[PDB]
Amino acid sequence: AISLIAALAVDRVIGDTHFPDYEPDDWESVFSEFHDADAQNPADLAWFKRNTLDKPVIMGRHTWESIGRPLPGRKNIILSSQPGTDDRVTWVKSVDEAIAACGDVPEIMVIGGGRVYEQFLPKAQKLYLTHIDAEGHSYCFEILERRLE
């Protein structure tokens, strides 16, 4: 199913480019790991790497341009209305085409940005979240699963 992964600050002001406001009543916390706040804490990246391991990643063009090189050993799927500008990754012109390009896999990872997260959140089954404190440090990694009726 579809999963989102994101890093969220505690007192965030949510506009269009941000991870959406999600309804806590609709999400079950299934894993929570708290840790010491450390500057440039290396575990932040390791968390992303572990959780995206060997899964297709979908991202919007802005996010693609902020990263700039393909995440290795992952099909990298970039959403853009325009023809692609990097032959190392897969380019698609709609959400449906992005899902289609992933094939039959156990899990699809959406890695941002705000416009892309907003379109995929309503179809998502899991969230992988890094919670960030008032001076920009992670303090907790969390996995949530969507609550079904």
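Counting begins at 1, following the sequence as shown.
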| item | value |
| --- | --- |
| Stretch with the greater mean C-alpha B-factor as recorded in the entry, comparing 37 to 45 against 115 to 123 | 37 to 45 |
| Stretch with the greater mean C-alpha B-factor as recorded in the entry, comparing 88 to 96 against 105 to 113 | 88 to 96 |
| Candidate set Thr52, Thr63, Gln82, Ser32 [ranked by C-alpha B-factor, highest] | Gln82 |
| Among modelled residues of the same chain, the CA temperature factor third for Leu148 | highest |
| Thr130 - Cα temperature factor, lowest/middle/highest third of chain | lowest |
